[PDB]
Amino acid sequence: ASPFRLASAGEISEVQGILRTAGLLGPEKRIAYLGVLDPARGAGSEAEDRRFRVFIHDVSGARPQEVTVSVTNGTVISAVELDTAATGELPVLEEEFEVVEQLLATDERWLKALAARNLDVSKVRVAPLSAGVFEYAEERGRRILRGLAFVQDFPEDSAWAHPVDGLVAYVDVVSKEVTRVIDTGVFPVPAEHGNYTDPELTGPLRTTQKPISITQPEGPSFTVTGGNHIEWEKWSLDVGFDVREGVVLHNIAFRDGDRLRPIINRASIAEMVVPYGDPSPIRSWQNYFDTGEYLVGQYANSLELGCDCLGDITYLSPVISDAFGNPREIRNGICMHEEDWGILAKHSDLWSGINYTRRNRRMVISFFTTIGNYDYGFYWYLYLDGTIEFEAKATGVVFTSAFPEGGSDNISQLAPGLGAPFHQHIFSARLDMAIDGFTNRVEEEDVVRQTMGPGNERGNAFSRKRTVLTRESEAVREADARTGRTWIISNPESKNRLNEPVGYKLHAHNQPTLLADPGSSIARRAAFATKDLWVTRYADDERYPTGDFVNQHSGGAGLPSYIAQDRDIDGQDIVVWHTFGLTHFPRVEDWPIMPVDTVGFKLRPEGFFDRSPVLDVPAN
């Protein structure tokens, strides 16, 4: 039915079959990425052509390929060999996670380093860490992972409590070579365990928490049709899933009277990166593009009813490819439910004598992923009043190091001798806008203070100004919390009943952006993260602010290359890219497992409707 339906197991198997038939998926080939492509613009009338894009890795050292296939027609649309030294390496494969530790286990330099620290190699876990691009010339064109070690005392021990500092190794995962082992000196391995299920650490469990029961006796207020089409309280959308981006929202629209009014064509988190701010050579290379390098979707957790998701839950179970092109279901990977959200509107009037109260609700679409030590929840909310919100919840175990004897300006202490390097978690939300359709524009709105004097004799006046961003060259914007800066996406050709263009206002949290020196590799590779807001003209091949291949890829792709085209964005099909993140100076309270912290953004209607859109909500 719908061209926006989730990929099915059959489609994935068919992609495998088509690739095999075309001689593109022999036994040395691995699928590093596979996803369905959105329908082209103006396809609405066209019949379905379900197309999939695939990145294909070769374990024998041959060049990888990027391939697009039509599962509908059984054909390869295009297949190109990639020059990874130029355009980037493919995403990290799950089947490579164990390879770093396995290669190091027999390397004489690594063993000597462990011996110097009296560590048993059999107990030393090594993290499969993305490499970035630095001064090591031999890495260019090679598929490299770096390794940092953590001691696991026994099979269920949290290795994060026992970082092995002063030691790092680099590995070529295709040639199976350890290229470098760097030992800057021995640090004590912190000894305290961090086992949050150990009663000796938890103490006796609380018996004080009484149950909270959340039920819906008549079922949920939303409907699900065509597998992933949601209708709830005037909202309409399709819930997609991509192995790289995770949950993606399509065709967000609101039924206002008789018209289904588009708001956002596609919403996703198109990248997220964790740059570390410790200048030690052991970690100064660390920048984890959890989305672009590791693919957050593939590690989506199966969500347990009553634990991960509470209330009347409707699940989706998206299907992804394994490394060989076989379909694999992520059982209960997506939770959907509505929840009460307090008071919506309330007034008791001194003159009419009328008292009025209405309650609010939001629809929630979420998933939770795990990347190494991190676990992140991605939440999209739709509210009765037209507000759209995203929230990321960050938890997991903090990435650790030794804590230096004399203290540190770049690392906090979590436990005796145990450090946690400062870092950020920085997201990019890609919002392909469609305010009442595709003809859109963005205005930056600042509060305007006014000077006391003629026309303002009491010095109380204040105002605001809006600046239309007309060309991509002028659409790279920074926050200004002090002046209440927001950005309005409007449709200059669709007006409300008061004759103003309909719009939505983006409210950022105004958290710090990328802190790294602008001359750093990470400032170039995560350039998007240096500014709060970018606006581009829509293009088929402009999907991620970091480009298609982030792994071991220098600057040269992504948002800075897109905006160079300086295209008209004033009343055109545009895409907003919003950078937002957490700057994390870890606290003692974050150890041994961290309480959730959050960051996000929201958009509120701004003269989109002709009056409040929730006057028709009943009291009950």
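So that the term is clear: the rigid core is the largest set of C-alpha atoms that superpose within 1.5 Å between two forms. Start at 1 and count along the sequence shown; that's the residue number.
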Top-deviation stretch by C-alpha RMS in 7 other deposited structures of this protein (rigid core reference), from 145 to 153, 92 to 100, is 92 to 100
Tell me which stretch, 388 to 396 or 433 to 441, has the higher mean Cα B-factor listed in the entry. 433 to 441
Using only the Cα atoms and their B-factors as the entry lists them, report which of 541 to 549 and 173 to 181 averages higher. 173 to 181
Note to self: of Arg140, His507, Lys531, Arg146, the C-alpha temperature factor tops out at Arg140
Out of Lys346, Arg482, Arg283, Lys210, which shows the largest CA B-factor listed in the entry? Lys210
Using the B-factors in the PDB entry, rank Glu48's C-alpha atom against the chain and give the third, lowest, middle or highest. highest
Of the three thirds of its chain by CA temperature factor, lowest, middle or highest, which one includes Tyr356? highest
Where does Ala9 sit by CA temperature factor within its chain: lowest, middle or highest third? highest
Sorting the chain's modelled residues by C-alpha B-factor and splitting them into thirds places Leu25 in the middle
Compare the C-alpha B factor of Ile426 with those of the other modelled residues in its chain, then answer lowest, middle or highest third. lowest
